[PDB]
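Every read-out reported here was derived from the displayed coordinates using simple, explicitly stated rules and does not represent laboratory data. Here Cβ is always computed from backbone atoms with ideal geometry, including for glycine, and neighbour counts include all displayed protein chains.
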Amino acid sequence: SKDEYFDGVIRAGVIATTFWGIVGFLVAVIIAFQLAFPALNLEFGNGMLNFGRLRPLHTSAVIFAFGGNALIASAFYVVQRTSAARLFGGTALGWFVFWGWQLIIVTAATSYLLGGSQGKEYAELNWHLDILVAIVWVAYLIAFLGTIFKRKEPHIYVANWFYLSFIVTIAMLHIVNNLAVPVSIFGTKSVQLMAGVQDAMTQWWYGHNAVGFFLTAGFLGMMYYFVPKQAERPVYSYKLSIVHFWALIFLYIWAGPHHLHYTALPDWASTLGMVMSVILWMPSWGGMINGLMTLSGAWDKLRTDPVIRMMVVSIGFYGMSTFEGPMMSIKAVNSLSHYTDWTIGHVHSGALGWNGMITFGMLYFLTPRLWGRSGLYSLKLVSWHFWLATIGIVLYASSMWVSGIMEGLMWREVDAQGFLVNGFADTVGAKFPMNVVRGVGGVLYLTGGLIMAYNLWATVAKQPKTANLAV
Amino acid sequence: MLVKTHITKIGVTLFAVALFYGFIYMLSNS
Amino acid sequence: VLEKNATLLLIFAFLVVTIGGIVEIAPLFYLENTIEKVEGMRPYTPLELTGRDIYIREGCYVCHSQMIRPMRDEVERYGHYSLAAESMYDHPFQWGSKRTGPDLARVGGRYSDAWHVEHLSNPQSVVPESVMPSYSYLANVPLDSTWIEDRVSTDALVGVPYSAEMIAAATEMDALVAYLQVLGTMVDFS
Amino acid sequence: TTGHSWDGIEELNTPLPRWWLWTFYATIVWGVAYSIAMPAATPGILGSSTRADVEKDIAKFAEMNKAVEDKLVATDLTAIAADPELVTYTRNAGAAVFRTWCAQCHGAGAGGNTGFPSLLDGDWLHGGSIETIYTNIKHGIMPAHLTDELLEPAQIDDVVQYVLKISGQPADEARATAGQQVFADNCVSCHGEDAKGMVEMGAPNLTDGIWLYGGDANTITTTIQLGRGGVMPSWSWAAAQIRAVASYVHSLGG
Amino acid sequence: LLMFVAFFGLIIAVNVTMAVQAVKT
Ligand code: HEC
Ligand code: HEC
Ligand code: HEC
Ligand code: HEC
Ligand code: HEC
Ligand SMILES: [Cu+2]
């Protein structure tokens with residue numbers, strides 16, 4: 001039997017997705033405030049709040065915990081339905097992935113503030129945690145790929161192409177970038193296998209591809225399932241799906257050196273990164289086109305359905321960032337952009353605008369269904385959430401652009417006499433209003449997250465036994 | 001739709017000129 | 001097609017995804033420019049190595065870059081643009097990604113130890129406008145150096161030229177200052 | 001539309017958008033062009049282009065502003081402070097250079113703080129002359145009496161009180177007699193008697209007015225106990241600029 | 001809806017502007 005879809009894990013992951021979203025974004029707001037007012041840092045005593053330590057916590061919680069859980073819930077729901085079979089690992093393998101993932105985030109929460117970090121971005125957790133994550137991910141791929149193997153229909157939905165790719169590539173990236181000799185039990189009590197330029201390359205190959213697969217590909221899978229899930233029928237382009245997918249999947253791995261522009265990294269590598277990052281523009285947009293064009297005719301729905309609003313706007317930000325990224329990947333542009341708040345602007349445009357928004361919409365869609373509910377408790381709240389999230393994202397982006405341009409310019413600016421026009425401190429001071437506005441925008445987005453939490457909770461209350469009949 | 005592509009053309013000059021101003025101000029700052 | 005075939009799709013994906021990594025990462029292992037240390041350079045002294053770990057633990061990297069780009073203005077501000085050879089020993093590499101604070105790569109003497117102590121103790125005190133967090137605990141905690149030998153041994157395994165003699169021979173604030181003082185020094189003296 | 005449905009979802013067989021195609025192809029073409037043009041070429045740079053552009057940037061900068069610096073170098077530091085052409089451009093830019101390099105220790109104002117000298121004022125530890133200031137800048141930069149058996153716990157207190165009297169007048173009679181005697185013995189050698197101080201040593205005058213230095217009895221006790229040990233790092237490596245800065249610092253007082 | 005389209009076009013215009021300015025430079 002077991003004809004019914006295993007909703008179990010998806011339910012757990014969805015709720016946790018909301019929870020981690022709140023935790024991660026709140027850390028985001030707090031650290032932002034710390035940039036605005038350093039007092040928020042403990043003056044005497046490292047303690048609980050210190051920016052250097054908290055920052056990676058924000059990073060990991062937001063990406064792996066929030067984004068990660070979103071990916072788990074979405075992939076488990078989506079693959080099951082798209083292929084029409086009950087999850088291959090079942091409660092056992094899949095639930096293991098749930099608890100295991102939970103353990104991973106919990107360990108991050110304890111470990112990071114404690115000070116144990118490799119110092120490698122998006123890599124920060126210590127080796128023991130790395131082994132745990134590798135194990136959980138291995139289990140996760142078996143469940144997912146197994147689900148595909150067990151499918152009913154002969155064809156495999158493109159959404160699964162993206163999810164599947166994301167799964168495999170992240171595993172490879174994680175293993176490779178994490179090679180390190182353990183000196184001690186924890187924290188970064190390991191030293192990376194590589195050093196210098198090589199370490200930088202491995203790091204950014206890993207680092208970009210992280211957003212590339214974890215944040216883009218996997219989420220593209222989400223978009224592929226959820227955007228078309230609507231009352232309106234067909235409008236899409238399958239051939240684009242094919243071109244866009246392969247081209248993206250191939251091209252994206254080359255993008256690593258754009259991080260490294262005008263650094264110690266050899267010129268040839270930097271160039272390869274730039275060129276491929278520019279080629280990357282097309283496939284990435286292919287995703288957005290495929291998503292948006294699908295809406296055509298359907299647009300009237302946008303006023304009606306806020307979940308749709310979220311998905312659509314999500315693609316808008318996605319395209320924007322996928323455009324801005326290639327531009328910043330040009331050496332001349334990077335010359336200005338690098339080390340400035342602009343990089344952050346770019347990150348949150350994609351993070352809040354693309355990743356968060358699509359996952360949000362995804363959850364609003366799925367959680368009622370998984371919960372054995374016709375719909376969310378209040379649509380109005382989804383709308384309010386939509387607005388809060390949108391203004392917050394835009395405010396964040398605007399502030400960062402102003403700050404970033406100001407910083408790059410101020411840093412580079414030379415006088416008539418040839419001397420440096422501004423002290424670094426002057427640039428720092430210039431940045432303050434930007435820091436505050438950013439703090440506010442992020443705060444608003446966070447509030448939207450709270451509204452989501454309230455709404456979801458209300459809906460969650462309704463029924464025990466929410467097997468949703470056959471499905 | 002014509003409304004869609006039109007409102008697509010709308011505003012483009014706005015950000016275009018805003019950012020060209022931004023870049024003149026930038027090369028003016030650096 | 002290959003739409004239908006799970007194994008084929010998986011294999012092609014793994015293959016497609018691999019090319020960039022093989023093309024970019026692998027050749028670097030082989031290239032000498034990125035491998036060769038500056039001639040003068042030696043590995044971090046045990047105090048400096050410990051301090052570097054502290055710099056890692058604290059999260060200094062999150063605000064401070066250690067990579068000078070080859071532009072005139074940054075050369076003017078920071079000093080000689082960073083060279084691959086400088087980072088040869090760095091497991092893991094410290095190059096920044098963000099400059100909330102200024103670039104640290106070449107503070108090969110720029111400030112006195114005393115200044116560093118006061119500043120780390122309370123950045124606002126020395127630099128009123130600073131965003132930097134206060135790190136007074138550094139003064140509070142002493143180093144046991146139990147682990148230092150293990151750390152150097154591991155680094156040697158990794159290729160760092162520590163002598164047996166170096167291992168045998170080997171406050172946190174002291175270590176951090178020691179680390180900061182070495183940065184970028186290797187190139188200038190050599 | 002295509003025949004197979006994936007739970008609700010069906011997909012249209014549609015063509016790639018022409019513009020999308022064009023952009024994709026264009027990017028590819030640009031990439032090939034870039035690679036041929038970059039490392040694998042472009043004209044303008046002999047050999048092969050690289051980060052080598054750095055040299056060009058510096059070189060053109062040098063051509064453009066070499067004259068200004070070169071003119072200044074011939075001129076003496078005193079002259080470079082006076083003259084608003086070089087001299088005034090030397091204060092604003094020297095002042096420009098000052099902010100970037102010196103401000104973090106000596107204050108944006110150049111007024112200084114505890115542990116760092118006030119460059120604006122009249123008082124100079126190493127000497128106010130142009131040569132002295134220049135030397136301070138170019139080549140860069142107090143004995144622990146607590147230990148020297150004789151000084152001890154009490155001797156230090158006494159000497160501190162006496163110095164505060166040289167600087168002004170507090171009231172502590174034991175802390176005065178003893179201190180006078182000690183100062184004449186030891187301190188006076190570097191700080192002189194009546195604390196004129198000696199510029200050669202960088203020993204500051206004890207007969208000063210209220211400055212930023214820890215005048216308090218306790219602070220004086222600490223400096224006497226433990227001694228000083230302050231450094232002015234050399235700008236000869238890091239820094240022409242040193243000269244303009246000397247001209248600026250000199251201009252600062254007057 | 002039309003507001004989202006307007007914002008999207010605005011972003012695209014900002015982008016083309018950035019390209020021009022970088023070629024300036
Ligand atoms: C922190 C590491 C400093 C740097 C950066 C700069 N200065 Fe400095 N300077 C510093 C100290 C602690 C002292 C006092 C040293 C002592 O005798 O205890 C000084 C002294 C000077 C002087 C001499 C002043 C005098 O009384 O004769 C000069 C002229 C001076 N400093 C100039 C100067 C310039 C131009 C700087 C930027 C290039 C600069 N200093 C940086 C501490 C520090
Ligand atoms: C984020 C906020 C940080 C944190 C995590 C660190 N620093 Fe910094 N730092 C920051 C700013 C905004 C500034 C400029 C203002 C100031 O000088 O106080 C600095 C400065 C420094 C400097 C001086 C650099 C120079 O002027 O050449 C040093 C040496 C420095 N910071 C060191 C340092 C260390 C060791 C850190 C980890 C404990 C650290 N910083 C963290 C902002 C931030
Ligand atoms: C020989 C060298 C001596 C000896 C024998 C004494 N002093 Fe000290 N002193 C000396 C120098 C070069 C400096 C400057 C230190 C620095 O700038 O880092 C000082 C400084 C002091 C100060 C501090 C002045 C201030 O607050 O800025 C004091 C209070 C002082 N010296 C006192 C002092 C006393 C009481 C001595 C006899 C016990 C004495 N000095 C001897 C150089 C030298
Ligand atoms: C991926 C999802 C994601 C979400 C959602 C997110 N962030 Fe972040 N955040 C990141 C990443 C990635 C970085 C690291 C950027 C870097 O290393 O350049 C970061 C870094 C930051 C920083 C450090 C900035 C600096 O200059 O060092 C702040 C502040 C911040 N985020 C605030 C926020 C706020 C406020 C929110 C409010 C919702 C938020 N974040 C939500 C991903 C996210
Ligand atoms: C989350 C959504 C997201 C999307 C979508 C995205 N990136 Fe980024 N981008 C990031 C993050 C996170 C960083 C910061 C990495 C770091 O910490 O240095 C970044 C930084 C960058 C930088 C600046 C690196 C530096 O330090 O100067 C470039 C260039 C870049 N990305 C290119 C791209 C390209 C090319 C694409 C797609 C074609 C893209 N981005 C899409 C998240 C994203
Ligand atoms: Cu990247």
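Please enumerate the residues belonging to the stretch C:154-185 that are in contact with a helix residue (DSSP H, G or I) (Cβ under 6 Å, 6 or more places away or on another chain), farther than 17 Å from C:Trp115 by Cα and either surrounded by 21 or more Cβ atoms within 10 Å (Cβ to Cβ) or not β-branched (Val, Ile, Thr) (or both).
C:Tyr162, C:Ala170
Tell me whether the stretch C:17-28 contains one or more residues that are within 21 Å of D:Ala52 (Cα to Cα) and crowded, with 22+ Cβ neighbours inside 10 Å.
Yes, because at least one residue in the stretch C:17-28 is within 21 Å of D:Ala52 (Cα to Cα) and crowded, with 22+ Cβ neighbours inside 10 Å.
Out of curiosity, is A:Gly287 crowded, with 24+ Cβ neighbours inside 10 Å, under 26 Å from B:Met1 (Cβ atoms) and away from ligand 2 (no atom under 16 Å from the Cβ)?
When the stated conditions are applied, A:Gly287 passes them.
So how many residues does the stretch D:161-203 have that are over 29 Å from D:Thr132 (Cβ atoms) and β-branched (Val, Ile, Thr)?
2
If you scan the stretch C:66-121, which residues turn out to be of a type in the set (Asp, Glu) and under 11 Å from C:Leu183 (Cβ atoms)?
Step one: of the stretch C:66-121, the residues of a type in the set (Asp, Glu) are C:73-74, C:76, C:86, C:90, C:103, C:113, C:118.
Across the stretch C:66-121, the qualifying residues are C:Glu86, C:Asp90, C:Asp103.
Would you be able to say whether some residue in the stretch A:227-242 is more than 8 Å from every other protein chain (Cβ to nearest Cβ), surrounded by 24 or more Cβ atoms within 10 Å (Cβ to Cβ), away from ligand 3 (no atom under 16 Å from the Cβ) and not in a loop (DSSP other than H, G, I, E, B)?
no
Tally up the residues in the stretch A:172-195 that are surrounded by fewer than 18 Cβ atoms within 10 Å (Cβ to Cβ), assigned to a helix (DSSP H, G or I) and more than 8 Å from chain C (Cβ to nearest Cβ), please.
Number of matching residues: 1.
Please specify each residue of the stretch A:246-291 satisfying the condition of being more than 13 Å from ligand 6 (Cβ to nearest atom), more than 8 Å from chain C (Cβ to nearest Cβ) and not hydrophobic (A, V, I, L, M, F, W, C).
A:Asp267, A:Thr271, A:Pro283, A:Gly286, A:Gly287, A:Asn290, A:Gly291
Looking only at the stretch D:32-54, filter to residues that are among the small types (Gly, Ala, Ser) and over 41 Å from the mean Cα position of the chain (by Cα); which one of those is nearest to the other protein chains (Cβ to nearest Cβ)?
Ranking the candidates gives D:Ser35 first.
State all residues of the stretch C:104-126 that are assigned to a loop (DSSP other than H, G, I, E, B) and of a type in the set (S, T, N, Q); if no residue qualifies, say none.
C:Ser112, C:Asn122
Could you check the stretch C:57-69 and list, in sequence order, the residues that are crowded, with 22+ Cβ neighbours inside 10 Å and at the interface with chain A (Cβ under 7 Å from one of its Cβ atoms)?
Once the filter is applied, which keeps residues that are crowded, with 22+ Cβ neighbours inside 10 Å and at the interface with chain A (Cβ under 7 Å from one of its Cβ atoms), the stretch C:57-69 yields C:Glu58, C:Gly59, C:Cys60, C:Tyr61, C:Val62, C:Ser65, C:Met67, C:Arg69.
Please find, among A:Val421, A:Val440, A:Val402, the residue that is at negative phi, surrounded by fewer than 23 Cβ atoms within 10 Å (Cβ to Cβ) and within 8 Å of another protein chain (Cβ to nearest Cβ).
So the residue among A:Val421, A:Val440, A:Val402 that is at negative phi, surrounded by fewer than 23 Cβ atoms within 10 Å (Cβ to Cβ) and within 8 Å of another protein chain (Cβ to nearest Cβ) is A:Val421.
Count, please, the residues in the stretch C:127-153 that happen to be out of contact with any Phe, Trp or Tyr (no Cβ under 7 Å at 6 or more places or on another chain) and in a helix (DSSP H, G or I).
Qualifying residue count, the stretch C:127-153: 9.
Out of A:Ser321, A:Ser383, report the one residue that is more than 16 Å from ligand 2 (Cβ to nearest atom) and more than 18 Å from E:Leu1 (Cα to Cα).
From the options A:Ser321, A:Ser383, the qualifying one is A:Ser321.
Working only within the stretch C:72-84, note down all residues that are more than 7 Å from chain A (Cβ to nearest Cβ), buried (at least 22 other Cβ atoms within 10 Å of the Cβ) and either among the aliphatic types (A, V, I, L, M) or not in a helix (DSSP H, G or I) (or both).
None; the set is empty.
Identify, please: which residue in the stretch A:196-221 is aromatic (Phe, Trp, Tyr) and surrounded by 24 or more Cβ atoms within 10 Å (Cβ to Cβ) and is, among those, nearest to ligand 2 (Cβ to nearest atom)?
Taking the candidates together, the pick is A:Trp204.
Condition (residue is within 14 Å of chain C (Cβ to nearest Cβ) and under 21 Å from the mean Cα position of the chain (by Cα)) applied to the stretch D:197-218: is it met by at least one residue? Steps first, answer last, please.
Applying the first criterion (within 14 Å of chain C (Cβ to nearest Cβ)) to the stretch D:197-218 yields D:212, D:214.
When the remaining residues are screened for being under 21 Å from the mean Cα position of the chain (by Cα), the result is D:212.
Checking the stretch D:197-218: at least one residue is within 14 Å of chain C (Cβ to nearest Cβ) and under 21 Å from the mean Cα position of the chain (by Cα).
Check A:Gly47 against each of (1) outside any helix (DSSP H, G or I); (2) away from ligand 2 (no atom under 15 Å from the Cβ) and name the one condition it does not meet.
(2)
Among the numbered criteria (1) facing chain C (nearest Cβ under 8 Å); (2) over 17 Å from the mean Cα position of the chain (by Cα), which one does A:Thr169 miss?
Unmet condition: (2).
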